[PDB]
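Engineer: This is the structure I want to talk about, given as structure tokens.
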Number of protein chains: 2
Amino acid sequence: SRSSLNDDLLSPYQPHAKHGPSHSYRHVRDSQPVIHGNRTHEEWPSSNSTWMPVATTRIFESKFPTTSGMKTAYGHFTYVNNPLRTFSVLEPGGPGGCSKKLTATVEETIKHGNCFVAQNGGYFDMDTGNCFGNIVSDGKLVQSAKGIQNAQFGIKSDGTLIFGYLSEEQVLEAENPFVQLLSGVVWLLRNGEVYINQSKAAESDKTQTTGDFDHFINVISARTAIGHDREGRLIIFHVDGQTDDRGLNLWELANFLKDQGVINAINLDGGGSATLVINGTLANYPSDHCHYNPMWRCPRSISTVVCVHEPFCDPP
Amino acid sequence: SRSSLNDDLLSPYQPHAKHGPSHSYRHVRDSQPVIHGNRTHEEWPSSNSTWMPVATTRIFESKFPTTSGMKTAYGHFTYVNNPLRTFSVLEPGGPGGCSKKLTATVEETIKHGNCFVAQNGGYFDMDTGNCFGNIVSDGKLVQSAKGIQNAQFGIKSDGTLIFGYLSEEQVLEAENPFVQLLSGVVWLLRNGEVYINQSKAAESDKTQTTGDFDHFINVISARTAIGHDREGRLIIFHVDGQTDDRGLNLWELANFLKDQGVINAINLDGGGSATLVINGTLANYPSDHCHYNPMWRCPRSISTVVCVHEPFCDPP
Ligand SMILES: *[C@@H]1O[C@H](CO[C@@H]2O[C@@H](C)[C@@H](O)[C@@H](O)[C@@H]2O)[C@@H](O[C@@H]2O[C@H](CO)[C@@H](O)[C@H](O)[C@H]2NC(C)=O)[C@H](O)[C@H]1NC(C)=O
Ligand SMILES: *[C@@H]1O[C@H](CO[C@@H]2O[C@@H](C)[C@@H](O)[C@@H](O)[C@@H]2O)[C@@H](O[C@@H]2O[C@H](CO)[C@@H](O)[C@H](O)[C@H]2NC(C)=O)[C@H](O)[C@H]1NC(C)=O
Ligand SMILES: *[C@@H]1O[C@H](CO)[C@@H](O[C@@H]2O[C@H](CO)[C@@H](O)[C@H](O)[C@H]2NC(C)=O)[C@H](O)[C@H]1NC(C)=O
Ligand SMILES: *[C@@H]1O[C@H](CO)[C@@H](O[C@@H]2O[C@H](CO)[C@@H](O)[C@H](O)[C@H]2NC(C)=O)[C@H](O)[C@H]1NC(C)=O
Ligand SMILES: *[C@@H]1O[C@H](CO)[C@@H](O)[C@H](O)[C@H]1NC(C)=O
Ligand SMILES: *[C@@H]1O[C@H](CO)[C@@H](O)[C@H](O)[C@H]1NC(C)=O
Ligand SMILES: [K+]
Ligand SMILES: [K+]
Ligand SMILES: [K+]
Ligand SMILES: [K+]
Ligand SMILES: [K+]
Ligand SMILES: [K+]
Ligand SMILES: [K+]
Ligand SMILES: [K+]
Ligand SMILES: [K+]
Ligand SMILES: [K+]
Ligand SMILES: [K+]
Ligand SMILES: [K+]
Ligand SMILES: [K+]
Ligand SMILES: [K+]
Ligand SMILES: [K+]
Ligand SMILES: [K+]
Ligand SMILES: [K+]
Ligand SMILES: [K+]
Ligand SMILES: [K+]
Ligand SMILES: [K+]
Ligand SMILES: [K+]
Ligand SMILES: [K+]
């Protein structure tokens, strides 16, 4: 059930199946900056504010300097209050989706879920539909990365925001467990600092050529990100573009989020996967072309989804 | 109740109050190309197809040639079937709005109207909120231009699409009367041909300097347009931008619609007024900045609205 032609492909690794670095979690800890010691992640309390509304979306059309003048980037910031109760990680098509290797547009996945805001989530194998990385959907472990080291984001049972690199046992921890968790590629910001260089060492093997991953970081394209600010509010970011023509690169994206006050953030699936569905209707410009017409752009059939909804078992 | 700062102002005439040319309808007929004789308008039957859905929206991110390389324009085409029964022209805030000189975002105006698709409509005085040009809202004459000559679009009682320059009596005709009618500025396409040069002669006085109006045509900015194709389907177009930075000019916009098969079309309010609300949620990038923050973009409080809705007194 392809909806788009998947022609704006921004792939970090080649081939698509060999996703993530093969080196050990030990090596991530060993090769990260000494200032961090043996902490491969960062924690922050999620906001408990019950103010209305849950999510506030803000539009931007901002200029960025290039060697050939300036460039404009269209996108949105979404600020989420009470992410413990309002933020969820959904499988494609509904519960049990990743095990069937389903791909579905964000519109299709949240069909009945009543998601105020929703964007595409983590990475996936384009040919097979296989989900990539750790996935915890509303308290239930969907799958595990078996120790593969990419940037992670999750919410704990007590409402603690987790960003960074997690070992397998940290993911499968039974005490204060993850209630929401997904995996991206590249740790954008760590404790208010740009963390691109450090992500190269952590999420790409030294045996391989520093070519395919560097292109993933330096090329401009559509991007999505998820982070947080001082107030414990979730940041669900997306910037429209077209790989090697429009958008931002992870260096620009990192500084953009940092300038706006994001402490920690990770890069989620970008390119033609970038999708923003506000209150049921698509609200951004996807970069894939439609299955049916060669000049009309369509959203992509993606994997997991990040959804913001009403609190659960609380106001009513 | 300003929602935006009205800082992306694309004004055709100066001052805003002296809207439209002062010359006579006689002069429009006299100074138009002889090939058209004494016909100052064009007619086309509206489609009677009851196929589902009523409106189909299509995204584009298209390149346009500039002297300094290429430029990209984000926007939407909306194709409307059965416009006689599904297309309406709404006053700001609801019936009786233009007489009170109300301005309201498209979201606010269609609050309960259940409009599948909706865009900003005609022009208005920014300082006073006064509506400009002829306005017929669901069969009821709201106001008249008193013979002021700008590009017009309307639907007749029998379903005939009217595009072009109308004299006052043509507007107030009691036999086969207008059921929907609004006024823009600049006739983009006339019978499948670019009609910009001809609009200069018709919609700007020769006494005035050819400076303020030429800038309105040659500057690039956000634009909205309404036209039709061979099949009698309505075209509701919009292209995001920022005056003198992003978007298209009426020359580019005319050829863009012509290349896509639009026979007749007129230019409606552009700049920061450009707004597209799909199924209740804003689906484009407005160019005005928000009243509350200096870097977030907000939609504008505009005047009339073009709404696409379900057929009236027909399926149920
Ligand atoms: C992670 O490291 C901390 C800090 O200790 C580091 O290691 C030392 C060699 C020294 O160089 C410090 O400056 C480093 O920052 C460990 O903290 C402790 O480990 C020792 C174990 O003998 C214990 O005496 C302390 O109480 C520990 N403190 C805490 C808070 O745990 C920590 O054990 C290391 N964690 C893991 C999982 O290895
Ligand atoms: C609008 O013009 C048409 C066409 O006539 C034009 O005028 C002539 C002088 C000649 O140069 C034609 O080639 C032009 O195109 C008018 O058509 C007619 O008018 C005369 C009136 O004496 C009549 O004999 C014809 O039957 C008319 N035909 C039609 C279809 O009306 C027409 O009257 C003009 N309309 C208006 C409102 O002035
Ligand atoms: C999605 O639609 C809902 C409508 O149910 C919006 O809800 C409200 O927003 C207004 C103003 O923004 C508030 O006054 C209400 O209190 C909100 N209601 C609820 C239940 O939250 C909601 O804002 C929309 N979401 C987005 C992102 O636009
Ligand atoms: C606005 O939302 C409505 C939901 O009620 C959409 O309705 C349908 O679209 C699907 C597929 O596009 C069709 O299978 C249905 O028959 C449509 N239903 C109706 C009542 O028209 C509608 O398409 C949406 N409009 C836009 C512009 O996105
Ligand atoms: C950091 O990244 C820059 C890219 O601008 C590179 O030139 C530099 O060598 C990197 N430094 C380290 C220590 O990785
Ligand atoms: C038509 O418009 C062009 C603008 O490119 C102008 O140069 C030309 O003089 C115009 N011709 C007429 C007859 O108005
Ligand atoms: K599928
Ligand atoms: K593309
Ligand atoms: K270290
Ligand atoms: K560091
Ligand atoms: K909101
Ligand atoms: K906003
Ligand atoms: K991908
Ligand atoms: K491993
Ligand atoms: K390589
Ligand atoms: K930097
Ligand atoms: K802040
Ligand atoms: K107002
Ligand atoms: K502006
Ligand atoms: K003539
Ligand atoms: K002509
Ligand atoms: K549709
Ligand atoms: K589409
Ligand atoms: K205006
Ligand atoms: K007059
Ligand atoms: K002038
Ligand atoms: K031309
Ligand atoms: K056609």
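Naming scheme: A, B, ... for chains in displayed order of the structure tokens; residues 1 onward per chain; ligands 1 onward as shown.
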Using only C-alpha atoms and all ligand atoms, which residues of the polymer chains come no farther than 8 Å from ligand 17? I'd like the answer as an NGL selection string.
Structural biologist: :A and (229-231 or 260-262)
Engineer: Pick out the chain A residues within 8 Å of chain B. Count only C-alpha atoms. Give them as a PDB file with C-alpha atoms, in the first residue's frame.
Structural biologist:
ATOM      1  CA  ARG A  58       4.429  27.240  16.119  1.00  0.00           C
ATOM      2  CA  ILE A  59       5.241  27.996  12.475  1.00  0.00           C
ATOM      3  CA  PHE A  60       8.546  29.342  11.199  1.00  0.00           C
ATOM      4  CA  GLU A  61      10.014  30.474   7.865  1.00  0.00           C
ATOM      5  CA  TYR A  74       9.771  26.013   6.489  1.00  0.00           C
ATOM      6  CA  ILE A 278      -2.098  18.271  13.030  1.00  0.00           C
ATOM      7  CA  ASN A 279      -5.568  17.277  14.238  1.00  0.00           C
ATOM      8  CA  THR A 281      -4.888  16.672   8.478  1.00  0.00           C
ATOM      9  CA  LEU A 282      -1.436  16.843   6.902  1.00  0.00           C
ATOM     10  CA  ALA A 283       0.165  20.189   7.762  1.00  0.00           C
ATOM     11  CA  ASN A 284       3.599  20.069   6.066  1.00  0.00           C
ATOM     12  CA  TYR A 285       5.047  19.587   2.567  1.00  0.00           C
ATOM     13  CA  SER A 287       9.190  15.540  -0.344  1.00  0.00           C
ATOM     14  CA  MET A 295       4.482  16.405 -10.123  1.00  0.00           C
ATOM     15  CA  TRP A 296       2.346  16.112  -6.966  1.00  0.00           C
ATOM     16  CA  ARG A 297       3.997  15.433  -3.613  1.00  0.00           C
ATOM     17  CA  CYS A 298       2.604  12.806  -1.241  1.00  0.00           C
TER      18      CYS A 298
END
Engineer: Using only C-alpha atoms and all ligand atoms, I'd like a table of the residues in chain B that come within 8 Å of ligand 24; for each, show the closest atom pair and its distance in Å rounded to one decimal, ordered by chain and ascending number, as a tab-separated table.
Structural biologist:
residue	atom	partner	partner_atom_place_in_ligand_line	distance
B:9	CA	ligand 24	1 (K)	6.4
B:10	CA	ligand 24	1 (K)	6.3
B:11	CA	ligand 24	1 (K)	5.7
B:123	CA	ligand 24	1 (K)	5.3
B:124	CA	ligand 24	1 (K)	5.7
B:125	CA	ligand 24	1 (K)	6.8
B:126	CA	ligand 24	1 (K)	6.3
B:269	CA	ligand 24	1 (K)	6.0
B:270	CA	ligand 24	1 (K)	7.0
B:271	CA	ligand 24	1 (K)	7.5
B:272	CA	ligand 24	1 (K)	8.0
B:273	CA	ligand 24	1 (K)	6.6
Engineer: Any chance you can output those residues with C-alpha atoms as a CSV table (one decimal), in the first residue's frame?
Structural biologist:
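Final output, result28.csv:
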chain,number,residue,atom,x,y,z
B,9,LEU,CA,1.5,43.7,3.0
B,10,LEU,CA,1.1,43.3,-0.7
B,11,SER,CA,-1.1,46.3,-1.6
B,123,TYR,CA,-9.4,42.3,-0.7
B,124,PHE,CA,-10.2,44.7,2.2
B,125,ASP,CA,-9.1,47.9,3.8
B,126,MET,CA,-6.5,47.0,6.4
B,269,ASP,CA,-5.7,38.6,-2.0
B,270,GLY,CA,-2.1,37.5,-1.5
B,271,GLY,CA,0.8,38.3,0.8
B,272,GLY,CA,0.2,37.7,4.5
B,273,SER,CA,-3.5,37.1,3.7
Engineer: For region 89-105 of chain B, please output as a list in words all residues within 6 Å (counting only C-alpha atoms; exclusion window: fewer than 6 positions along the same chain).
Structural biologist: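 Contacts, with the query itself left out: residues 129, 130, 131, 137, 300, 301, 302, 303, 304, 305 and 306 of chain B.
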Engineer: Produce a file of the selected residues containing N, CA and C atoms, as a compact mmCIF listing (two decimals), in the first residue's frame.
Structural biologist:
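The resulting again.txt:
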# COMPACT_ATOMS: atom_id res chain seq x y z
N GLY B 129 -11.17 47.62 7.93
CA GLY B 129 -11.89 46.38 7.77
C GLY B 129 -12.97 46.41 6.71
N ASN B 130 -13.05 47.49 5.93
CA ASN B 130 -14.06 47.61 4.90
C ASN B 130 -13.82 46.59 3.79
N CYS B 131 -14.87 45.88 3.40
CA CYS B 131 -14.79 44.94 2.30
C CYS B 131 -14.77 45.69 0.97
N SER B 137 -23.09 36.18 -1.32
CA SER B 137 -22.83 35.08 -0.39
C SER B 137 -24.06 34.18 -0.34
N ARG B 300 -3.45 35.55 9.11
CA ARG B 300 -3.95 36.91 9.20
C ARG B 300 -5.46 36.92 9.40
N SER B 301 -5.95 37.96 10.06
CA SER B 301 -7.38 38.24 10.14
C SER B 301 -7.79 38.88 8.83
N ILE B 302 -8.46 38.10 7.97
CA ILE B 302 -8.78 38.53 6.62
C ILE B 302 -10.27 38.83 6.51
N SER B 303 -10.73 39.16 5.30
CA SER B 303 -12.12 39.54 5.09
C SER B 303 -12.95 38.34 4.62
N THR B 304 -13.46 38.39 3.39
CA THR B 304 -14.28 37.30 2.89
C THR B 304 -13.45 36.02 2.80
N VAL B 305 -14.15 34.90 2.59
CA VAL B 305 -13.54 33.58 2.55
C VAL B 305 -14.19 32.78 1.43
N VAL B 306 -13.39 31.93 0.79
CA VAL B 306 -13.88 30.95 -0.17
C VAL B 306 -13.91 29.60 0.52
Engineer: Which neighbours of residue 218 (chain B) fall inside 12 Å, counting only C-alpha atoms, when residues of the same chain fewer than 3 positions from it are skipped, and could you give them as a ChimeraX atom specification?
Structural biologist: /B:10,12,186,196-197,200,210-215,221,243-244,247-254
Engineer: Deliver the residues from the most recent selection as a file, using N, CA, C and O atoms, as a short mmCIF file (atom, residue, chain, number, x, y, z; two decimals), in the first residue's frame.
Structural biologist:
data_model
loop_
_atom_site.label_atom_id
_atom_site.label_comp_id
_atom_site.auth_asym_id
_atom_site.auth_seq_id
_atom_site.Cartn_x
_atom_site.Cartn_y
_atom_site.Cartn_z
N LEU B 10 1.03 43.20 0.71
CA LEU B 10 1.14 43.28 -0.75
C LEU B 10 -0.07 44.07 -1.25
O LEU B 10 -1.11 43.49 -1.58
N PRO B 12 -2.14 46.57 -3.81
CA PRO B 12 -2.14 46.99 -5.22
C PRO B 12 -2.19 48.50 -5.40
O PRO B 12 -1.53 49.06 -6.28
N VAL B 186 -6.52 41.72 -10.80
CA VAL B 186 -5.75 41.18 -11.92
C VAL B 186 -6.44 39.93 -12.45
O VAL B 186 -6.65 38.96 -11.71
N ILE B 196 -2.15 39.43 -18.21
CA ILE B 196 -1.61 40.40 -17.27
C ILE B 196 -1.58 41.79 -17.91
O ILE B 196 -2.17 42.74 -17.38
N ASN B 197 -0.89 41.92 -19.04
CA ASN B 197 -0.85 43.21 -19.73
C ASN B 197 -2.24 43.80 -19.87
O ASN B 197 -2.45 45.00 -19.64
N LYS B 200 -3.55 45.41 -16.64
CA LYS B 200 -3.01 46.73 -16.34
C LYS B 200 -3.90 47.82 -16.92
O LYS B 200 -4.22 48.81 -16.25
N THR B 210 2.45 54.54 -13.45
CA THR B 210 2.53 53.08 -13.62
C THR B 210 3.66 52.52 -12.75
O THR B 210 4.61 51.91 -13.22
N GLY B 211 3.52 52.75 -11.44
CA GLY B 211 4.54 52.34 -10.49
C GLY B 211 4.01 51.44 -9.40
O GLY B 211 4.56 50.36 -9.17
N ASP B 212 2.95 51.86 -8.71
CA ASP B 212 2.43 51.06 -7.61
C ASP B 212 1.78 49.78 -8.11
O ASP B 212 1.89 48.73 -7.47
N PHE B 213 1.09 49.84 -9.25
CA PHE B 213 0.43 48.65 -9.77
C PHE B 213 1.42 47.70 -10.43
O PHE B 213 1.30 46.48 -10.29
N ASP B 214 2.42 48.24 -11.14
CA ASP B 214 3.43 47.38 -11.75
C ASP B 214 4.20 46.60 -10.68
O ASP B 214 4.53 45.43 -10.88
N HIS B 215 4.49 47.24 -9.55
CA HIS B 215 5.14 46.53 -8.45
C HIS B 215 4.25 45.40 -7.94
O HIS B 215 4.74 44.31 -7.62
N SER B 221 5.59 37.11 -4.18
CA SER B 221 4.92 37.09 -2.88
C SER B 221 4.00 35.88 -2.81
O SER B 221 3.84 35.13 -3.77
N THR B 243 6.69 38.72 0.55
CA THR B 243 6.76 39.75 -0.47
C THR B 243 8.19 40.18 -0.74
O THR B 243 8.87 40.70 0.15
N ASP B 244 8.65 39.96 -1.97
CA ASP B 244 9.99 40.35 -2.41
C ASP B 244 11.06 39.41 -1.84
O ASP B 244 12.19 39.84 -1.58
N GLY B 247 7.95 33.13 -3.24
CA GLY B 247 6.67 33.05 -3.92
C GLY B 247 6.80 33.27 -5.40
O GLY B 247 7.83 32.95 -6.01
N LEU B 248 5.75 33.83 -6.00
CA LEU B 248 5.68 34.06 -7.43
C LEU B 248 5.13 35.46 -7.68
O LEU B 248 4.52 36.07 -6.80
N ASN B 249 5.34 35.95 -8.89
CA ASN B 249 4.66 37.15 -9.35
C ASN B 249 3.56 36.75 -10.33
O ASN B 249 3.52 35.63 -10.83
N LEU B 250 2.65 37.69 -10.59
CA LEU B 250 1.46 37.36 -11.36
C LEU B 250 1.79 36.90 -12.77
O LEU B 250 0.99 36.17 -13.37
N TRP B 251 2.94 37.29 -13.31
CA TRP B 251 3.37 36.73 -14.59
C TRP B 251 3.69 35.25 -14.43
O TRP B 251 3.19 34.41 -15.18
N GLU B 252 4.53 34.91 -13.45
CA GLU B 252 4.83 33.51 -13.17
C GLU B 252 3.57 32.74 -12.79
O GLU B 252 3.34 31.62 -13.27
N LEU B 253 2.73 33.33 -11.93
CA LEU B 253 1.53 32.64 -11.48
C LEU B 253 0.60 32.35 -12.64
O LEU B 253 0.00 31.27 -12.72
N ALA B 254 0.44 33.31 -13.56
CA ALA B 254 -0.42 33.09 -14.71
C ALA B 254 0.04 31.89 -15.52
O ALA B 254 -0.74 30.98 -15.81
#
Engineer: Please indicate the distance in Å from CA of residue 38 (chain B) to atom 30 (C, counted along the ligand's line) of ligand 2, rounded to one decimal place.
Structural biologist: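 Pair CA of residue 38 (chain B) / atom 30 (C, counted along the ligand's line) of ligand 2 returns 10.5 Å.
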Engineer: Once DSSP has gone over the backbone, tell me which residues of region 87-199 of chain B are in alpha helix (DSSP H), as a list in words.
Structural biologist: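 These are the residues in question: residues 97, 98, 99, 100, 106, 107, 108, 109, 168, 169, 170, 171, 172, 196, 197, 198 and 199 of chain B.
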Engineer: Give me a file of those residues, with N, CA and C atoms, as a short mmCIF file (atom, residue, chain, number, x, y, z; two decimals), in the first residue's frame.
Structural biologist:
data_model
loop_
_atom_site.label_atom_id
_atom_site.label_comp_id
_atom_site.auth_asym_id
_atom_site.auth_seq_id
_atom_site.Cartn_x
_atom_site.Cartn_y
_atom_site.Cartn_z
N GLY B 97 -21.27 40.06 8.16
CA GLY B 97 -19.94 40.44 8.62
C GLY B 97 -19.42 41.69 7.93
N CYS B 98 -19.55 41.75 6.60
CA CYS B 98 -18.97 42.86 5.86
C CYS B 98 -19.60 44.19 6.25
N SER B 99 -20.88 44.19 6.62
CA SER B 99 -21.52 45.45 7.00
C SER B 99 -20.97 45.98 8.31
N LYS B 100 -20.57 45.09 9.22
CA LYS B 100 -19.92 45.49 10.46
C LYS B 100 -18.43 45.76 10.29
N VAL B 106 -9.41 32.73 8.68
CA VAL B 106 -10.25 31.76 8.00
C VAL B 106 -10.72 30.70 8.99
N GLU B 107 -9.84 30.29 9.91
CA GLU B 107 -10.24 29.33 10.94
C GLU B 107 -11.45 29.83 11.72
N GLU B 108 -11.43 31.11 12.11
CA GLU B 108 -12.51 31.65 12.93
C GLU B 108 -13.81 31.74 12.15
N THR B 109 -13.73 32.11 10.87
CA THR B 109 -14.94 32.34 10.09
C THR B 109 -15.70 31.05 9.82
N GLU B 168 -22.06 47.12 -13.33
CA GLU B 168 -22.91 47.02 -12.15
C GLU B 168 -24.20 46.28 -12.45
N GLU B 169 -24.84 46.58 -13.58
CA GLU B 169 -26.10 45.92 -13.90
C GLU B 169 -25.91 44.43 -14.12
N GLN B 170 -24.77 44.02 -14.69
CA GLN B 170 -24.49 42.59 -14.81
C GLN B 170 -24.44 41.93 -13.44
N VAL B 171 -23.91 42.64 -12.44
CA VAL B 171 -23.85 42.10 -11.09
C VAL B 171 -25.25 42.01 -10.50
N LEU B 172 -26.03 43.07 -10.64
CA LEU B 172 -27.36 43.16 -10.04
C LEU B 172 -28.44 42.51 -10.89
N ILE B 196 -2.15 39.43 -18.21
CA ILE B 196 -1.61 40.40 -17.27
C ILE B 196 -1.58 41.79 -17.91
N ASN B 197 -0.89 41.92 -19.04
CA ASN B 197 -0.85 43.21 -19.73
C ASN B 197 -2.24 43.80 -19.87
N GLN B 198 -3.22 42.98 -20.25
CA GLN B 198 -4.58 43.49 -20.44
C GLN B 198 -5.19 43.94 -19.12
N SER B 199 -4.79 43.33 -18.00
CA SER B 199 -5.34 43.74 -16.71
C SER B 199 -4.79 45.09 -16.27
#
Engineer: Counting only C-alpha atoms and all ligand atoms, what are the residues of chain B within 8 Å of ligand 21, and for each of them which pair of atoms is the nearest and at what distance in Å, to one decimal? Sort the table by chain and rising number, as a Markdown table.
Structural biologist:
| residue | atom | partner | partner_atom_place_in_ligand_line | distance |
| --- | --- | --- | --- | --- |
| B:32 | CA | ligand 21 | 1 (K) | 7.7 |
| B:33 | CA | ligand 21 | 1 (K) | 5.3 |
| B:34 | CA | ligand 21 | 1 (K) | 7.8 |
| B:35 | CA | ligand 21 | 1 (K) | 6.4 |
| B:36 | CA | ligand 21 | 1 (K) | 6.9 |
| B:190 | CA | ligand 21 | 1 (K) | 7.7 |
| B:193 | CA | ligand 21 | 1 (K) | 7.3 |
| B:195 | CA | ligand 21 | 1 (K) | 6.9 |
| B:198 | CA | ligand 21 | 1 (K) | 7.3 |
Engineer: Residues contacting ligand 14 - anything with an atom at most 8 Å away, using only C-alpha atoms and all ligand atoms - can you give me those as a PyMOL selection string?
Structural biologist: chain A and resi 22-25+146-149
Engineer: Dump N, CA, C and O atoms for the selected residues as a CSV table (one decimal), in the first residue's frame?
Structural biologist:
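The result, written out as out-v6.csv:
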chain,number,residue,atom,x,y,z
A,22,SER,N,28.1,-1.5,14.4
A,22,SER,CA,28.4,-2.9,14.9
A,22,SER,C,29.3,-2.9,16.1
A,22,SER,O,29.4,-4.0,16.8
A,23,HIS,N,29.9,-1.8,16.5
A,23,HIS,CA,30.8,-1.9,17.6
A,23,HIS,C,30.0,-2.0,18.9
A,23,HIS,O,28.8,-1.9,19.0
A,24,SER,N,30.7,-2.2,20.0
A,24,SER,CA,30.1,-2.5,21.3
A,24,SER,C,29.7,-1.3,22.1
A,24,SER,O,30.3,-0.2,21.9
A,25,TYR,N,28.7,-1.5,22.9
A,25,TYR,CA,28.4,-0.4,23.9
A,25,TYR,C,29.6,0.0,24.7
A,25,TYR,O,29.8,1.2,25.0
A,146,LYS,N,18.8,-5.2,20.5
A,146,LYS,CA,19.9,-6.2,20.8
A,146,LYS,C,21.2,-5.5,21.0
A,146,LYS,O,22.3,-6.0,20.5
A,147,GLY,N,21.2,-4.3,21.6
A,147,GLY,CA,22.5,-3.6,21.9
A,147,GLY,C,23.0,-2.7,20.8
A,147,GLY,O,24.1,-2.1,21.0
A,148,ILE,N,22.3,-2.6,19.7
A,148,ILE,CA,22.8,-1.7,18.6
A,148,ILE,C,22.7,-0.2,19.1
A,148,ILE,O,21.7,0.2,19.7
A,149,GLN,N,23.8,0.5,18.9
A,149,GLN,CA,23.9,1.8,19.5
A,149,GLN,C,23.6,3.0,18.5
A,149,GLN,O,24.4,3.3,17.6
Engineer: Kindly give the distance, in Å, that separates CA of residue 259 (chain A) and CA of residue 224 (chain A), rounded to a single decimal.
Structural biologist: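 Calculated distance between CA of residue 259 (chain A) and CA of residue 224 (chain A) is 16.4 Å.
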Engineer: As a list in words, please: every residue in region 283-316 of chain A that a backbone DSSP assignment puts in strand (DSSP E).
Structural biologist: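 Answer for region 283-316 of chain A, restricted to strand (DSSP E): residues 305, 306, 307 and 308 of chain A.
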Engineer: Would you export the selected residues with C-alpha atoms as a PDB file, in the first residue's frame, please?
Structural biologist:
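Output below, filename out-v5.pdb:
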ATOM      1  CA  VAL A 305       4.852   7.325  14.893  1.00  0.00           C
ATOM      2  CA  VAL A 306       5.138   9.929  17.643  1.00  0.00           C
ATOM      3  CA  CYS A 307       1.663  10.949  18.816  1.00  0.00           C
ATOM      4  CA  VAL A 308       0.472  13.630  21.230  1.00  0.00           C
TER       5      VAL A 308
END
Engineer: Report as a tab-separated table: every residue of region 15-117 of chain A with an atom at most 12 Å from region 67-71 of chain B, its closest pair of atoms, and their distance in Å to one decimal, counting only C-alpha atoms, with rows sorted by chain and ascending residue number.
Structural biologist:
residue	atom	partner	partner_atom	distance
A:68	CA	B:68	CA	10.3
A:69	CA	B:68	CA	10.8
A:71	CA	B:71	CA	10.3
A:72	CA	B:71	CA	10.8
Engineer: Counting only C-alpha atoms and all ligand atoms, what residues are within 7 Å of ligand 11, given as a VMD selection string?
Structural biologist: chain A and resid 53 55 to 57
Engineer: Report as a ChimeraX atom specification all protein, DNA and RNA residues lying within 8 Å of residue 225 (chain A), evaluated on only C-alpha atoms, omitting residues in the same chain fewer than 2 positions from it.
Structural biologist: /A:223,227,235-238,265-268
Engineer: From the set A:51, A:294, A:1, A:310, which residue has the shortest atom-to-atom contact distance to ligand 8, counting only C-alpha atoms and all ligand atoms?
Structural biologist: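 Nearest to ligand 8: A:294.
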